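# Breakdown of the fold
Here is how the chains run, residue by residue.
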Amino acid sequence: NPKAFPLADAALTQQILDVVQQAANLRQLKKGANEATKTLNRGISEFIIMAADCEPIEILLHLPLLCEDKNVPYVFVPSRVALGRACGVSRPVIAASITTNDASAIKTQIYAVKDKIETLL
Amino acid sequence: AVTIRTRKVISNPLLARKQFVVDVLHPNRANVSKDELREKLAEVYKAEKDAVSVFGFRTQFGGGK
Amino acid sequence: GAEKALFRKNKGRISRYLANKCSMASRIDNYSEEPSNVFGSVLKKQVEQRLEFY
Amino acid sequence: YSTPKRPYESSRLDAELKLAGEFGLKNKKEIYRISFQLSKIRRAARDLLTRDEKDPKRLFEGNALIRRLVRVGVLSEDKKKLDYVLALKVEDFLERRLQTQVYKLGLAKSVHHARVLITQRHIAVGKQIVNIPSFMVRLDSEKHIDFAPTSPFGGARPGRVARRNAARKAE
Amino acid sequence: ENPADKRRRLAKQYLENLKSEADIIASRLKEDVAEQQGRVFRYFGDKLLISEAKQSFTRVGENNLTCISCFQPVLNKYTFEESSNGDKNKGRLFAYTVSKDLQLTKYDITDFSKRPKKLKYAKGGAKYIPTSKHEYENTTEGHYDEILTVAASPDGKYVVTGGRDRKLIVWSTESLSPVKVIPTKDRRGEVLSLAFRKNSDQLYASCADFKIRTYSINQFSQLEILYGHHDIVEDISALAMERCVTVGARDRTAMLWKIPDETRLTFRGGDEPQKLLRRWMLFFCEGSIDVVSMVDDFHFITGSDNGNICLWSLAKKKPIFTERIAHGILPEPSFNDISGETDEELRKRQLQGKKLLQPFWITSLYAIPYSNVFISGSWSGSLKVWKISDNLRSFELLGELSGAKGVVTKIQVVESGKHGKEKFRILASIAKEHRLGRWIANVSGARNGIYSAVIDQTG
RNA sequence: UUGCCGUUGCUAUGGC
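Per the deposited record, cryo-EM is how this structure was determined, to a resolution of 3.71 Å.

What follows concerns the packing of helix α6 (residues 98–105) of chain D against helix α7 (residues 111–119) of chain D. Residues and elements named next belong to chain D. Where α6 contacts α7, the two axes come as close as 8 Å, and the packing angle between them is 115°. With respect to α7, the axis of α6 lies roughly perpendicular. Crossing handedness for the pair α6 and α7: right-handed. Taken together, the residues of α7 that come into contact with α6 (itself represented by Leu-98, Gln-99, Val-102 and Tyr-103) are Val-111, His-112, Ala-114, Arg-115 and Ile-118.

Contacts between chain E and chain A engage 29 residues on the former and 28 residues on the latter. The contact between chain E and chain A buries some 2,500 Å² in all, and 49% of this surface belongs to carbon and sulfur atoms. Counting across the chain E and chain A interface gives 3 salt bridges. Between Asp305(E) and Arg85(A) there is a salt bridge, with its nearest N and O atoms 4.0 Å apart. Run the count over chain E and chain A and you get 10 residue pairs in polar contact. Where the side of chain E that touches chain A is concerned, the elements lending two or more residues are α4 (335–338) and α5 (344–350) of chain E.

Turning to the interface of chain E and chain D, a few remarks are in order. One widely used convention gives an interface's size as the accessible area the parts lose upon coming together. Contact with chain E, which involves 12 residues of that partner, is made by 15 residues of chain D. Between chain E and chain D, roughly 1,000 Å² of surface is buried when both sides are summed, and carbon and sulfur atoms account for 51% of that area. In terms of surface lost to chain D, no three residues of chain E exceed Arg187(E), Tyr227(E) and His230(E), which account for 47% of the buried area on that side. Our count for the contact surface shared by chain E and chain D stands at 4 salt bridges. In this structure, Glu262(E) and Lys127(D) form a salt bridge, with 3.0 Å as the shortest nitrogen-oxygen distance. Our count for the chain E to chain D interface comes out at 5 residue pairs in polar contact.

Here we come to the environment of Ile109(E). All names here are of chain E. Summarising the element assignment, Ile-109 is placed in the loop between β4 (103–108) and β5 (117–123). In this structure, the C-alpha to C-alpha distance between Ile-109 and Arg-279, residues 170 residues apart in sequence, is 49 Å. The contacts of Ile-109, once residues within four sequence positions are left out, are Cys-70, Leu-93, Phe-94, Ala-95, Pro-116, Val-414, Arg-425 and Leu-427.

It is worth spelling out a negative patch on the surface at this point. Judged by side-chain charge, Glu34(C), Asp343(E), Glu344(E) and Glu345(E) come together as a negatively charged surface patch. Along the chain, the position of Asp343(E) falls in the loop between α4 and α5.

So, on to the protein's contact with RNA strand F. All names here are of chain E. Around RNA strand F, the neighbouring residues are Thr-58, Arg-59, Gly-61, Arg-115, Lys-432, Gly-445 and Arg-447. Taking the atoms of RNA strand F that fall within 4 Å of the protein, sugar and phosphate contribute 37% of them. The side chain of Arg-59 places a nitrogen or oxygen atom 3.0 Å from a base nitrogen of RNA strand F. A distance of 3.0 Å separates a phosphate oxygen of RNA strand F from a polar atom in the side chain of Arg-115. Considering only residue class, the surface near RNA strand F consists of no nonpolar, 3 polar and 4 charged.

Attention now moves to the arrangement of the chains. The assembly contains 7 pairs of chains in contact; the pair sharing the most contacts is chains A and E. Between chain A and chain B there is no contact, and the shortest C-alpha to C-alpha separation is 27 Å. The closest approach of any C-alpha atom in chain B to one in chain C is 51 Å; the two make no contact.

Moving residue by residue along a regular strand, the side chains alternate between the two faces of the sheet. Residue and element names in this part refer to chain E. Counting buried positions along strand β11 (residues 202–207) yields 6 of 6 residues, so the element is predominantly enclosed. Side chains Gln-202, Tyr-204 and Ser-206 of β11 all project onto a buried face; the interleaved residues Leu-203, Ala-205 and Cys-207 project onto the opposite face, where all are buried too. In this structure, strand β10 (residues 191–196) lies alongside β11, joined through 5 bridges in antiparallel fashion. The residue bridging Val-191 from the neighbouring strand is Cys-207, located in β11. What sits between the antiparallel neighbours β10 and β11 is a turn of 5 residues, in which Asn-199 has the positive phi angle 60°. Where β11 lies against strand β12 (residues 212–216), 5 bridges are found, and the strand directions are antiparallel. Residue pairing across strands places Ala-205 opposite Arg-213, the latter belonging to β12. Counting the residues in the hairpin turn of β11 and β12 gives 4 residues, including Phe-210, whose phi is positive at 75°.

Residue and element names in this part refer to chain E. What the rule picks out here adds up to 17 aromatic pairs over all chains. A centroid spacing of 5.5 Å and a plane angle of 75° characterise the contact between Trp-361 and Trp-379, whose relative ring orientation is edge-to-face. With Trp-361 in the loop between α5 and β22 (364–367) and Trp-379 in the loop between β23 (373–377) and β24 (383–388), this pair connects stretches of sequence that are 18 residues apart. On the basis of relative accessibility, which here comes to 8%, the residue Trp-379 falls in the buried class.

Another point: the side chain of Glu422(E). All names here are of chain E. Residue position: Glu-422 is located in the loop between β26 (407–416) and β27 (423–431). Judged by its relative accessible area of 10%, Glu-422 falls in the buried class. Leaving out residues up to four positions away in the same chain, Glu-422 has contacts with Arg-42, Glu-415, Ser-416, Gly-417, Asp-456 and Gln-457.

Now for the pattern of salt bridges. Overall, the coordinates contain 35 salt bridges over all chains when judged by the stated rule. Ionic pairing is found between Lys211(E) and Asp146(D), a salt bridge with its closest N-O pair at 3.8 Å. Of the two residues, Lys211(E) sits in the loop between β11 and β12 while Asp146(D) sits in strand β3 (residues 145–147), which places them in two different chains. Looking at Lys211(E), the relative accessible area reads 13%, which means it is buried. Residue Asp146(D) is classed as buried on the basis of its relative accessible area, which comes to 10%. Close ionic contact of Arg8(E) with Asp5(E) constitutes a salt bridge, the shortest N to O distance being 2.3 Å. Placement of both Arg8(E) and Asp5(E) in helix α1 (residues 3–21) is noted, with a separation of 3 residues, approximately one turn of the helix. For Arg8(E), a relative accessible area of 48% puts it in the partly exposed group. Each of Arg85(A), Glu234(E), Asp290(E) and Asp305(E) takes part in salt bridges that share partners, so that together they form one network.

This part covers helix α3 (residues 62–70) of chain A. Buried within α3(A) we find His62(A), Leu63(A), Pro64(A), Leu66(A) and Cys67(A). Of the surrounding elements, those touching the buried residues of α3(A) are α2 (33–42), β2 (45–51), β3 (74–77) and β4 (95–99) of chain A together with α1 (10–30) of chain C.

Residue and element names in this part refer to chain E. Summarising burial for strand β2 (residues 65–71): 7 of the 7 residues are buried, a large majority. Strand direction decides the pairing type here: β2 and strand β3 (residues 94–99), joined by 6 bridges, are antiparallel. The residue of β3 that forms the bridge with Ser-69 is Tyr-96.

So, how was this worked out
- Residues numbered from 1 in each chain as written, not as in the entry; some residues may be left out.
- Chains lettered and ligands numbered in written order.
- Part of a larger assembly, values for the part shown.
- Heavy atoms only, no water.
- Axes fitted to C-alpha atoms, helices over the stretch in contact; angles between N-to-C directions.
- Helix = DSSP H or I, 4+ residues; strand = E, 2+ residues; numbered from the N terminus.
- Parallel < 35°, antiparallel > 145°, perpendicular 65-115°, else oblique.
- Left-handed = near helix turned anticlockwise from the far one by under 90°.
- Contact = heavy atoms within 4.5 Å.
- Buried area = accessible area lost by both parts, 1.4 Å probe.
- Salt bridge = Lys/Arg side-chain N within 4 Å of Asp/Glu carboxyl O.
- Polar contact = N/O pair within 3.5 Å; in protein donor to acceptor, adjacent residues only side chain to side chain.
- Patch = residues over 30% accessible without salt bridge, like charges linked within 9 Å, V, L, I, M, F, W, Y side chains within 5 Å.
- Areas by Shrake-Rupley, 256 points an atom, 1.4 Å probe, with all protein chains shown as cover.
- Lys, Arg positive; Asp, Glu negative; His and termini not counted.
- Charge placed at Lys NZ, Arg CZ, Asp CG, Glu CD.
- Near = heavy atom within 4 Å.
- Nonpolar A, V, L, I, M, F, W, Y, C, P; charged D, E, K, R; others polar.
- Buried < 20%, exposed > 50% of the residue type's maximum accessible area, 1.4 Å probe, protein only.
- Pairing = 2+ DSSP bridges.
- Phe/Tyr/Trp six-rings, centres within 6.5 Å; stacked < 30°, edge-to-face > 60°.

Set out below in structure tokens:
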């Protein structure tokens, strides 16, 4: 019923943000909505993360339409401030993407989250 | 800067001495001579150099300790 | 809009800066059941402030 | 290590070629070593399975083995059961090697580059310089992999060639 | 006259001063050495008068003041020589401040009644950029990137600063002239916090490469590097003992380092809102630990990004007591700004009720050493002063001070007066943005300056 | 008491 949906609870949000921080260290994170649309178009996106508090929220409501068409899991986290912090950049980030890589060191952790997002949707 | 560190200190009045295991941290240095450790141990413990004996030194693999 | 110069070196920067803000406004319009002009205004004022800066 | 039953099977040769290429191993001896370790682990797991559930032996040694495999990282936290211990493969063990971890973390551009880095004493696990590629990385040690303080890539002074060419340039 | 005589003279005069002030002499003398025993011996929290505190905010020109370090001379009972560097500097209280504008500033804070007074400064800039681009060549005298942390030496002879330039520059206190530059020798070795071992020349410098480094300022040399953190070591605290404590931010770990034994103790909150909710039959899960200060050699307090202030004991790995959402919850975002929808009710649905709300972060946290009082800070707009219970098993809010408005980057406290009668001054750096980065949304009324609050105790 | 711009007194706080 709300536009931002599904919204991850507290416990899940901690796990999502953790993966984002690890991905950023390994150069597997694309930060910002414009990059996220580029990843979905190229179909290299394991899943998309979005800020439910983005002001206004409609500015990133184009991504789900991309996500649902291409069959890519997605989730909303309550804080854009927190999302930007975990991403490692010095400004708020409203949308971020985890690039696909089967040679990644954090593969198992990513797939662990990916299943949970899928259950939520 | 070399750091000299004593652990497992045992006072042995039977032989009239103090025994311990000494750690020498010497980053960016090959190793610290027995004599120079005698000097620094003497200064730290307030005893004459002649009274300070050290032996059984082995550097850890890769250096630095 | 680069074939008819719809959005239009310093000149180039305002075009690209304006180009993003157009995409921002478009998204609000498209996914909003009853779009308003409140966010279009503050967006335009933001582009203006950039304009004097350059 | 122990020689496999029929080394000359074509499938076996192609398997060894794939594993070597993917993880840049030096000889089939490394593959045999890992296979022998895995064989022991799986045989123990089987013998435990043959026992009745709630057996004190099954319980004690079984949770012990599961804990150890988790600690080495081969078995994920969500699969703490001996049945999954039977499902392990050689690739899981090879991945935990220090060469592969160095490659994956982004410190090297290739598995062979990782091998030459490690053998050149440029890679440190915590405080210790590890120049042994077949070193096995746990979980806790996974995050502590870095360039050694003495390494020129780790911030120390440049190697022999760098300062030599610098001197030749200055003169 | 032999120095034994000189100590005898100062000692005899000192006793007469104690006698003039007044059993009692014996009790007072024991109190002088209470520092040696690492136990809280300053139980004066109840005596404080939060309400009557005299607050004042001094605006500073520079952008985003990031840290403040206060130097307070102490008469050494062992030799009866004041810690002041020079005779001119006798009994003079100094404060050193740094900002993101690459400027270090010192103040005089001797007069509690009067505002801080600028004395000298040194500013960095592009001139100091290293040409070589190598880490071991990063030995330019001034800074060229953001400064983040500062500490003023207990002897009053040096102040050392570090920031994102991956350097450690030590400055002479008197003239603010550079005397030595210590590179961190790392590609990502940015300095995130500094601490002087109390009444000593040893440094503990926390770095962004997930390591803690130690230095001996007097010899201008680095001693050891400490390893074990899985994430950036944002803050570090120290007391007279070599037991420095640290927090690992996203790792959600507070590690106490026993330098003497070369061992470390791991403390993890492990607070899970399933059980917290179940026992209740809004709670936020902790994200990271930023601020830490050592109340006692055997206790310390940490502040996380979920607004939880925790009390820890060396004996117990899990927290002994937690205060959740200490500083409150952020105001909800404007419904006129959540969406561009014309209809109000549709905009309200975007807020998703109370799900979006979040708690304030604990940006700063300081505890007066070996005391039962500590101060917390955030951009809620009010400093909060707490008191730990006598048994050191709990704490309660002693009061608040509403003067500060903006992000509280760092807090300091300084005292003056006789032993029985002391006045406490609370100095805190306030900036318009969080020290590490610009994430926080701009706070209404925030201004860059040094907040001050003088408090006296009566009863 | 501020880099810049105001307000308020003979001191205090509003914006960038």
